[PDB]
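Trainee: Structure provided below as structure tokens; questions to follow.
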Amino acid sequence: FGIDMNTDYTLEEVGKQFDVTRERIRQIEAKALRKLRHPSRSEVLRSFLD
Amino acid sequence: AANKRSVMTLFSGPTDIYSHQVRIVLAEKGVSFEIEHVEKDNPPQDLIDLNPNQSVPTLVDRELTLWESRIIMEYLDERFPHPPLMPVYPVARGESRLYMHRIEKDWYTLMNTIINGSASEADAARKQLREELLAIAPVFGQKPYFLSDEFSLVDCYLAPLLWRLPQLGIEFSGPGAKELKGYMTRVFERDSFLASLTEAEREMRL
Amino acid sequence: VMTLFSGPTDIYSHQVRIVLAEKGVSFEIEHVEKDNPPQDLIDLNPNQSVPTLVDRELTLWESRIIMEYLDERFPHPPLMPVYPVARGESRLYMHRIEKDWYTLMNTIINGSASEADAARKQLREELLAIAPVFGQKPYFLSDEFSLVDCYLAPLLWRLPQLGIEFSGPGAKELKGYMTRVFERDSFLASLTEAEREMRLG
Amino acid sequence: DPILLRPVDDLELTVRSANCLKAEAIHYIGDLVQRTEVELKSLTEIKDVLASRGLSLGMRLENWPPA
């Protein structure tokens, strides 16, 4: 995403940054975003909904 | 070979600031680079053959060597983007390429002249250098960096040329050196600087 | 309001003009005497070195900085690669020609007739070395005109004034280049009257 | 404790040693302090996760769970 940065990026556009270019990059974010999705890591973040 | 890996290839200078300018931007992006503190008398072999201009430093990533540090520290800031080191706005990006040119042509030659100058020029250079470096003293009050509140490449052109301060016989003096000296407390000990600094250049700090 | 302190003849000032007239920038040029503009442009330019740009708030010199500005701000048509791999190629290739060839032409104008022969023929063999490579693309390693040729079109235009030429080899794949690039309106409407009479075109 | 009433995945335990426990039809962690070792590298991972955050085996817990 564009968090704290310039324009956002494409996955394998990012994959040439970590140098392991594969469909792992669609996975590392994939399972990580699940971890923030769990409760007590989203407890403060959930509070912005309505 | 040199490009034969999925990683870089850098033939740095152990004392030459052209490397040490590149080192900070090199490691400030969090990439795994190969250090090789080599000499002009005996550099590495690959630095001689694949480098048809034969300068230091020299970066090599799977396609060709790159030199002329503005070209080097630009290729990294344009390809490995996070965190960012240069602004977004082509107005503020122009002058940000302009201060760097007003340092490599204004405060570089005072370093070379002090390296090969006469006894008075080493003072004349130190005269023109030391006092004018106090001329830009009030700048740091408005901005925690060189007129750019985020850390950017224009600051990296200063600190390596601010880490060789007494190395060529220099010391500051006058009213308001606390502002610039206190500023050096805010930049001389960053991760991008602390992990990047070569111990060879450190010993002049005592 | 975008003004330019153009030189009348120098290839640097002819460099920026190709970029301006290419992009379609509405600009007004103020000429320098021979390679000196007034002493009045030292206030907006402590170097007093041309070219120098002034667009309503900003001052820029050392056309390396200028040309990438106009490319980065006026987006189309673009004069650079798209992905970071090749921009280092173009950004480095132009560092070659501005280092080897351009200062090489110093002693061909500002060097005595002794060294003028030195730069002359030693440069010529370089001129036809990349000559067969024009059978790869139309331009200097590109299928469409870009920043990298911006240092050649004002460079090639100085050939007959300096005194080097093509004769047999080095003219077949090479001279097709200048007849393909010297017709673009950007280089067409960039030609100033002082830089025109150097050649018959 | 406030540390008994959490989701069983909320201990950040490792997936296979998370999968055996969860796939074996466990409901809440307040039973985990009561869970016996006869009812169950899978053993090692329940061991350090409980001894890291102040949990433990074969404990004694009554009046549980009332929702």
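Labels used: A, B, ... for chains in the order of the structure tokens, numbers from 1 for residues in each chain, and numbers from 1 for ligands as shown.
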Counting only C-alpha atoms, which residues of chain C come no farther than 12 Å from chain A, as a list in words?
Mentor: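 Here is what falls inside 12 Å: residues 83, 84 and 85 of chain C.
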Trainee: As a VMD selection string, could you give me every residue of chain D near chain A (at most 10 Å apart, counting only C-alpha atoms)?
Mentor: chain D and resid 6 to 7 9 to 10 12
Trainee: Let me see the file: selected residues, N, CA and C atoms, as an mmCIF file, in the first residue's frame.
Mentor:
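Result written to part.cif:
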```cif
data_model
loop_
_atom_site.group_PDB
_atom_site.id
_atom_site.type_symbol
_atom_site.label_atom_id
_atom_site.label_comp_id
_atom_site.auth_asym_id
_atom_site.auth_seq_id
_atom_site.Cartn_x
_atom_site.Cartn_y
_atom_site.Cartn_z
ATOM 1 N N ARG D 6 -9.070 -16.208 26.425
ATOM 2 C CA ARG D 6 -8.693 -15.748 25.099
ATOM 3 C C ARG D 6 -9.072 -16.784 24.040
ATOM 4 N N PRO D 7 -9.066 -16.404 22.758
ATOM 5 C CA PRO D 7 -9.183 -17.416 21.695
ATOM 6 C C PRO D 7 -7.936 -18.287 21.640
ATOM 7 N N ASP D 9 -6.288 -19.609 19.386
ATOM 8 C CA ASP D 9 -5.267 -19.188 18.432
ATOM 9 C C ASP D 9 -4.583 -17.890 18.860
ATOM 10 N N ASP D 10 -5.132 -17.185 19.856
ATOM 11 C CA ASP D 10 -4.585 -15.903 20.295
ATOM 12 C C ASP D 10 -3.299 -16.033 21.115
ATOM 13 N N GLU D 12 -0.558 -17.262 19.551
ATOM 14 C CA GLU D 12 0.453 -17.230 18.494
ATOM 15 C C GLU D 12 1.193 -18.564 18.366
#
```
Trainee: Applying 7 Å and only C-alpha atoms, which residues near range 6-11 of chain C remain after dropping the ones on its own chain fewer than 2 positions away? List them as a PyMOL selection string.
Mentor: chain C and resi 4+13-15+29-32+34-35+50-51+154-155+194-195
Trainee: Got time to write the residues from that selection, C-alpha atoms, as an mmCIF file, in the first residue's frame?
Mentor:
```
data_model
loop_
_atom_site.group_PDB
_atom_site.id
_atom_site.type_symbol
_atom_site.label_atom_id
_atom_site.label_comp_id
_atom_site.auth_asym_id
_atom_site.auth_seq_id
_atom_site.Cartn_x
_atom_site.Cartn_y
_atom_site.Cartn_z
ATOM 1 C CA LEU C 4 16.109 30.484 -20.891
ATOM 2 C CA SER C 13 22.407 25.484 -25.085
ATOM 3 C CA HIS C 14 21.468 23.529 -28.201
ATOM 4 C CA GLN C 15 20.902 20.534 -25.934
ATOM 5 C CA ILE C 29 14.938 32.639 -24.755
ATOM 6 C CA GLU C 30 17.293 35.491 -23.892
ATOM 7 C CA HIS C 31 20.539 35.329 -25.846
ATOM 8 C CA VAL C 32 24.084 35.632 -24.525
ATOM 9 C CA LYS C 34 29.138 35.073 -27.427
ATOM 10 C CA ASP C 35 29.053 32.582 -24.596
ATOM 11 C CA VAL C 50 24.766 29.126 -19.405
ATOM 12 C CA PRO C 51 22.405 27.644 -19.955
ATOM 13 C CA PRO C 154 23.596 18.837 -31.412
ATOM 14 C CA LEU C 155 26.909 16.974 -31.533
ATOM 15 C CA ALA C 194 23.870 31.016 -35.782
ATOM 16 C CA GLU C 195 24.043 27.212 -35.604
#
```
Trainee: For CA of residue 69 in chain C and CA of residue 90 in chain B, determine how far apart the two atoms are, in Å to one decimal place.
Mentor: 6.5 Å
Trainee: Contacts from chain B to chain A, 9 Å maximum, only C-alpha atoms: show me the residue list as a ChimeraX atom specification.
Mentor: /B:6-7,31,79-84,87-88
Trainee: Write the residues of the preceding selection, restricted to N, CA and C atoms, as a compact mmCIF listing (two decimals), in the first residue's frame.
Mentor:
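Saved the output as again_11.txt:
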```txt
# COMPACT_ATOMS: atom_id res chain seq x y z
N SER B 6 22.58 -13.21 -7.81
CA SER B 6 21.40 -12.38 -7.68
C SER B 6 21.62 -11.21 -6.74
N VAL B 7 22.87 -10.88 -6.44
CA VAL B 7 23.23 -9.83 -5.50
C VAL B 7 24.14 -8.84 -6.22
N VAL B 31 19.68 -3.47 2.08
CA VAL B 31 20.07 -4.49 1.12
C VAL B 31 21.42 -5.06 1.53
N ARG B 79 15.26 2.20 -7.77
CA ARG B 79 14.92 0.79 -7.94
C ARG B 79 14.51 0.13 -6.64
N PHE B 80 15.18 0.42 -5.53
CA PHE B 80 14.80 -0.12 -4.24
C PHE B 80 14.19 1.02 -3.44
N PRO B 81 12.86 1.15 -3.43
CA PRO B 81 12.23 2.44 -3.13
C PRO B 81 11.90 2.70 -1.66
N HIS B 82 11.79 1.67 -0.82
CA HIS B 82 11.31 1.88 0.54
C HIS B 82 12.41 1.56 1.55
N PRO B 83 12.76 2.48 2.44
CA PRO B 83 12.12 3.80 2.51
C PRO B 83 12.57 4.72 1.39
N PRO B 84 11.86 5.82 1.18
CA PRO B 84 12.25 6.77 0.13
C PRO B 84 13.31 7.73 0.63
N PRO B 87 12.35 13.53 -2.75
CA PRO B 87 10.94 13.95 -2.74
C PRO B 87 10.19 13.48 -3.98
N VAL B 88 8.94 13.93 -4.07
CA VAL B 88 8.02 13.51 -5.13
C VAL B 88 7.83 14.62 -6.15
```
Trainee: Would you list which chain B residues are within 10 Å of chain C using only C-alpha atoms, as number ranges by chain?
Mentor: B: 53, 61, 63-68, 71-72, 74-80, 89-98, 101
Trainee: Near residue 174 in chain B, counting only C-alpha atoms, which residues have an atom at most 12 Å away, once you skip same-chain residues fewer than 5 positions from it, shown as a VMD selection string?
Mentor: chain B and resid 130 to 135 137 179 to 181
Trainee: Write out the residues from the selection above, keeping N, CA and C atoms, as a PDB file, in the first residue's frame.
Mentor:
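Wrote it out as part-v4.pdb, contents follow:
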```pdb
ATOM      1  N   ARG B 130      35.817  26.846   6.722  1.00  0.00           N
ATOM      2  CA  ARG B 130      35.298  26.809   8.085  1.00  0.00           C
ATOM      3  C   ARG B 130      34.283  27.921   8.325  1.00  0.00           C
ATOM      4  N   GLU B 131      34.602  29.144   7.895  1.00  0.00           N
ATOM      5  CA  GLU B 131      33.716  30.268   8.184  1.00  0.00           C
ATOM      6  C   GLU B 131      32.408  30.160   7.408  1.00  0.00           C
ATOM      7  N   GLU B 132      32.479  29.774   6.132  1.00  0.00           N
ATOM      8  CA  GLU B 132      31.268  29.697   5.324  1.00  0.00           C
ATOM      9  C   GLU B 132      30.378  28.552   5.786  1.00  0.00           C
ATOM     10  N   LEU B 133      30.975  27.502   6.354  1.00  0.00           N
ATOM     11  CA  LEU B 133      30.178  26.442   6.957  1.00  0.00           C
ATOM     12  C   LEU B 133      29.425  26.957   8.176  1.00  0.00           C
ATOM     13  N   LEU B 134      29.909  28.050   8.771  1.00  0.00           N
ATOM     14  CA  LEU B 134      29.115  28.766   9.760  1.00  0.00           C
ATOM     15  C   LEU B 134      28.159  29.755   9.106  1.00  0.00           C
ATOM     16  N   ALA B 135      28.376  30.086   7.830  1.00  0.00           N
ATOM     17  CA  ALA B 135      27.466  30.993   7.142  1.00  0.00           C
ATOM     18  C   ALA B 135      26.091  30.369   6.949  1.00  0.00           C
ATOM     19  N   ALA B 137      24.758  28.438   9.090  1.00  0.00           N
ATOM     20  CA  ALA B 137      24.394  27.981  10.427  1.00  0.00           C
ATOM     21  C   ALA B 137      22.909  28.108  10.739  1.00  0.00           C
ATOM     22  N   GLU B 179      24.299  25.349  17.366  1.00  0.00           N
ATOM     23  CA  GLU B 179      23.211  24.982  16.466  1.00  0.00           C
ATOM     24  C   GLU B 179      23.665  23.946  15.446  1.00  0.00           C
ATOM     25  N   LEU B 180      24.785  24.200  14.769  1.00  0.00           N
ATOM     26  CA  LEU B 180      25.304  23.229  13.814  1.00  0.00           C
ATOM     27  C   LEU B 180      25.933  22.037  14.524  1.00  0.00           C
ATOM     28  N   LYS B 181      26.629  22.277  15.639  1.00  0.00           N
ATOM     29  CA  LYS B 181      27.251  21.171  16.362  1.00  0.00           C
ATOM     30  C   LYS B 181      26.200  20.270  16.988  1.00  0.00           C
TER      31      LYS B 181
END
```
Trainee: Go through chain B and collect every residue that DSSP, computed from the backbone, puts in strand (DSSP E or B); the answer should be as a PyMOL selection string.
Mentor: chain B and resi 10+59-60+65-66
Trainee: Could you name the residues that touch residue 25 in chain A at 8 Å or less, counting only C-alpha atoms, but leaving out those on the same chain fewer than 5 positions away, as JSON, numbers by chain?
Mentor: {"A": [11, 12, 14, 15]}
Trainee: One number please: CA of residue 149 in chain C to CA of residue 24 in chain C, in Å, one decimal.
Mentor: 18.0 Å
Trainee: Tell me which protein, DNA and RNA residues are within 9 Å of residue 30 in chain D, counting only C-alpha atoms, leaving out same-chain ones fewer than 5 positions away, and put them as a list in words.
Mentor: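 Using only C-alpha atoms, the neighbours found are residues 3, 4, 5, 6, 35, 61, 64 and 65 of chain D.
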Trainee: Would you pick out the contacts of range 201-203 of chain B at 12 Å or less, using only C-alpha atoms, so that residues sharing its chain but fewer than 4 positions from it are not included, and give the list as a list in words?
Mentor: residues 13, 14, 15, 16, 17, 19, 20, 37, 160, 161, 162, 163, 164, 165, 166, 167, 188, 189, 193, 194, 195, 196 and 197 of chain B
Trainee: In Å, how far is it from CA of residue 121 in chain B to CA of residue 206 in chain B?
Mentor: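 One can read the CA of residue 121 in chain B to CA of residue 206 in chain B distance as 25.5 Å.
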